[PDB]
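Below is query28.txt, holding compact mmCIF, N, CA and C atoms.
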```
# COMPACT_ATOMS: atom_id res chain seq x y z
N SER T 1 -93.71 49.51 -22.76
CA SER T 1 -95.14 49.39 -22.51
C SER T 1 -95.81 50.76 -22.51
N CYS T 2 -95.81 51.42 -23.67
CA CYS T 2 -96.42 52.73 -23.80
C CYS T 2 -97.34 52.79 -25.01
N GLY T 3 -98.54 53.33 -24.81
CA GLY T 3 -99.50 53.43 -25.90
C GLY T 3 -99.31 54.69 -26.73
N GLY T 4 -100.41 55.39 -26.99
CA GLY T 4 -100.33 56.61 -27.78
C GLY T 4 -99.82 56.36 -29.18
N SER T 5 -99.71 57.43 -29.96
CA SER T 5 -99.23 57.33 -31.34
C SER T 5 -98.05 58.27 -31.58
N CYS T 6 -97.19 57.90 -32.52
CA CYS T 6 -96.02 58.71 -32.85
C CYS T 6 -96.42 59.95 -33.65
N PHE T 7 -97.58 59.87 -34.30
CA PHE T 7 -98.07 60.98 -35.10
C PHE T 7 -98.67 62.07 -34.21
N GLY T 8 -98.96 61.72 -32.96
CA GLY T 8 -99.53 62.67 -32.03
C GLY T 8 -98.82 62.67 -30.69
N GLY T 9 -97.57 62.22 -30.68
CA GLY T 9 -96.81 62.17 -29.45
C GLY T 9 -97.01 60.87 -28.70
N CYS T 10 -95.92 60.30 -28.20
CA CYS T 10 -95.98 59.05 -27.45
C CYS T 10 -96.59 59.26 -26.07
N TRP T 11 -96.87 58.17 -25.38
CA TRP T 11 -97.46 58.23 -24.05
C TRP T 11 -96.60 59.09 -23.12
N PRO T 12 -97.16 59.43 -21.94
CA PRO T 12 -96.48 60.26 -20.94
C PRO T 12 -95.30 59.55 -20.29
N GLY T 13 -94.11 60.11 -20.49
CA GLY T 13 -92.91 59.52 -19.93
C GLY T 13 -92.24 58.56 -20.88
N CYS T 14 -92.55 58.67 -22.17
CA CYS T 14 -91.97 57.80 -23.18
C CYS T 14 -91.47 58.61 -24.37
N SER T 15 -90.99 57.92 -25.40
CA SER T 15 -90.48 58.57 -26.59
C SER T 15 -90.84 57.78 -27.84
N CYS T 16 -90.71 58.41 -29.00
CA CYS T 16 -91.02 57.77 -30.27
C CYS T 16 -89.77 57.15 -30.89
N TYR T 17 -89.58 55.86 -30.67
CA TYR T 17 -88.43 55.15 -31.20
C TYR T 17 -88.86 53.96 -32.05
N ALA T 18 -88.34 53.89 -33.27
CA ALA T 18 -88.67 52.80 -34.18
C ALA T 18 -90.15 52.83 -34.56
N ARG T 19 -90.66 54.02 -34.86
CA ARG T 19 -92.06 54.18 -35.23
C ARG T 19 -92.98 53.62 -34.15
N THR T 20 -92.46 53.52 -32.93
CA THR T 20 -93.23 53.00 -31.81
C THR T 20 -92.77 53.61 -30.49
N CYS T 21 -93.59 53.46 -29.46
CA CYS T 21 -93.26 53.99 -28.14
C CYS T 21 -92.55 52.94 -27.29
N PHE T 22 -91.34 53.27 -26.84
CA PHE T 22 -90.56 52.36 -26.02
C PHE T 22 -89.47 53.11 -25.25
N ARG T 23 -89.25 52.70 -24.01
CA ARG T 23 -88.24 53.34 -23.17
C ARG T 23 -87.83 52.42 -22.02
N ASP T 24 -86.56 52.49 -21.64
CA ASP T 24 -86.04 51.66 -20.55
C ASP T 24 -86.92 51.79 -19.31
N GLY T 25 -87.29 50.65 -18.74
CA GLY T 25 -88.13 50.65 -17.55
C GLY T 25 -89.60 50.59 -17.88
N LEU T 26 -89.95 51.01 -19.10
CA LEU T 26 -91.34 51.00 -19.54
C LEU T 26 -91.46 50.45 -20.95
N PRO T 27 -91.35 49.12 -21.09
CA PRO T 27 -91.44 48.44 -22.38
C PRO T 27 -92.85 48.47 -22.95
```
Before we go any further, please render this structure as structure tokens.
Amino acid sequence: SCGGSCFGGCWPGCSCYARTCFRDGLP
């Protein structure tokens, strides 16, 4: 559950995975 864009960095506390923002604990 992270917004932002991969072209300009993912949301705070997330990463750019699969051309999208996603991370354990924060879908």
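Using all atoms listed in the file, the contacts of residue 1 in chain T at a cut-off of 7 Å, with sequence neighbours closer than 4 positions omitted, comprise residues 21, 22, 23, 25, 26 and 27 of chain T.
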(request) Kindly extract all protein, DNA and RNA residues lying within 6 Å of the coordinates (-94.1, 56.2, -27.0) given in the file, considering only N, CA and C atoms, and supply them as a VMD selection string. (result) chain T and resid 2 to 3 9 to 11 14 to 17 20 to 22
(request) For atom C of residue 4 in chain T and atom N of residue 24 in chain T, quote the distance in Å rounded to one decimal. (result)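 About the pair atom C of residue 4 in chain T and atom N of residue 24 in chain T: they are 15.7 Å apart.
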Please define a box with edges along x, y and z of the file around all atoms of range 4-17 of chain T given in the file, extend it by 3 Å on each side, and return its centre and edge lengths in Å to one decimal, as JSON.
```
{"center_x": -94.4, "center_y": 58.3, "center_z": -27.5, "size_x": 18.0, "size_y": 14.7, "size_z": 21.2}
```
(message) At a cut-off of 8 Å, using all atoms listed in the file, what residues contact residue 19 in chain T? Leave out same-chain residues fewer than 6 positions from it and give the result as a list in words.
(response)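 Residues near the query, excluding close chain neighbours: residues 5, 6 and 7 of chain T.
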(message) Going by DSSP on the backbone, which residues of chain T come out as strand (DSSP E)? List them as a PyMOL selection string.
(response) chain T and resi 16-17+20-21
Is there a way to complete range 5-24 of chain T with N, CA, C and O atoms and then write that out as a CSV table (one decimal), in the frame of the given file?
```csv
chain,number,residue,atom,x,y,z
T,5,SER,N,-99.7,57.4,-30.0
T,5,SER,CA,-99.2,57.3,-31.3
T,5,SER,C,-98.0,58.3,-31.6
T,5,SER,O,-97.9,59.3,-30.9
T,6,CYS,N,-97.2,57.9,-32.5
T,6,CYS,CA,-96.0,58.7,-32.8
T,6,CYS,C,-96.4,60.0,-33.6
T,6,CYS,O,-95.7,60.9,-33.7
T,7,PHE,N,-97.6,59.9,-34.3
T,7,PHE,CA,-98.1,61.0,-35.1
T,7,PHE,C,-98.7,62.1,-34.2
T,7,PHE,O,-98.9,63.2,-34.6
T,8,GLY,N,-99.0,61.7,-33.0
T,8,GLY,CA,-99.5,62.7,-32.0
T,8,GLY,C,-98.8,62.7,-30.7
T,8,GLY,O,-99.4,63.1,-29.7
T,9,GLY,N,-97.6,62.2,-30.7
T,9,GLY,CA,-96.8,62.2,-29.4
T,9,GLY,C,-97.0,60.9,-28.7
T,9,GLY,O,-98.1,60.4,-28.6
T,10,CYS,N,-95.9,60.3,-28.2
T,10,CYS,CA,-96.0,59.0,-27.4
T,10,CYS,C,-96.6,59.3,-26.1
T,10,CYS,O,-96.8,60.4,-25.7
T,11,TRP,N,-96.9,58.2,-25.4
T,11,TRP,CA,-97.5,58.2,-24.0
T,11,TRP,C,-96.6,59.1,-23.1
T,11,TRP,O,-95.5,59.5,-23.4
T,12,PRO,N,-97.2,59.4,-21.9
T,12,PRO,CA,-96.5,60.3,-20.9
T,12,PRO,C,-95.3,59.6,-20.3
T,12,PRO,O,-95.5,58.5,-19.6
T,13,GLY,N,-94.1,60.1,-20.5
T,13,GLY,CA,-92.9,59.5,-19.9
T,13,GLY,C,-92.2,58.6,-20.9
T,13,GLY,O,-91.4,57.7,-20.5
T,14,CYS,N,-92.6,58.7,-22.2
T,14,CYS,CA,-92.0,57.8,-23.2
T,14,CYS,C,-91.5,58.6,-24.4
T,14,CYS,O,-91.5,59.8,-24.4
T,15,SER,N,-91.0,57.9,-25.4
T,15,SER,CA,-90.5,58.6,-26.6
T,15,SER,C,-90.8,57.8,-27.8
T,15,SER,O,-91.2,56.6,-27.8
T,16,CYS,N,-90.7,58.4,-29.0
T,16,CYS,CA,-91.0,57.8,-30.3
T,16,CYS,C,-89.8,57.2,-30.9
T,16,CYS,O,-89.0,57.8,-31.6
T,17,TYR,N,-89.6,55.9,-30.7
T,17,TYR,CA,-88.4,55.2,-31.2
T,17,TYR,C,-88.9,54.0,-32.0
T,17,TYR,O,-89.7,53.1,-31.6
T,18,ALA,N,-88.3,53.9,-33.3
T,18,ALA,CA,-88.7,52.8,-34.2
T,18,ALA,C,-90.2,52.8,-34.6
T,18,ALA,O,-90.8,51.8,-34.6
T,19,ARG,N,-90.7,54.0,-34.9
T,19,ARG,CA,-92.1,54.2,-35.2
T,19,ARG,C,-93.0,53.6,-34.2
T,19,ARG,O,-94.1,53.3,-34.4
T,20,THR,N,-92.5,53.5,-32.9
T,20,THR,CA,-93.2,53.0,-31.8
T,20,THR,C,-92.8,53.6,-30.5
T,20,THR,O,-91.7,54.2,-30.4
T,21,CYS,N,-93.6,53.5,-29.5
T,21,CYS,CA,-93.3,54.0,-28.1
T,21,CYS,C,-92.6,52.9,-27.3
T,21,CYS,O,-93.1,51.9,-27.0
T,22,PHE,N,-91.3,53.3,-26.8
T,22,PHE,CA,-90.6,52.4,-26.0
T,22,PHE,C,-89.5,53.1,-25.2
T,22,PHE,O,-88.9,54.0,-25.8
T,23,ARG,N,-89.2,52.7,-24.0
T,23,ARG,CA,-88.2,53.3,-23.2
T,23,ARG,C,-87.8,52.4,-22.0
T,23,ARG,O,-88.7,51.7,-21.5
T,24,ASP,N,-86.6,52.5,-21.6
T,24,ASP,CA,-86.0,51.7,-20.6
T,24,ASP,C,-86.9,51.8,-19.3
T,24,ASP,O,-87.3,52.9,-18.9
```
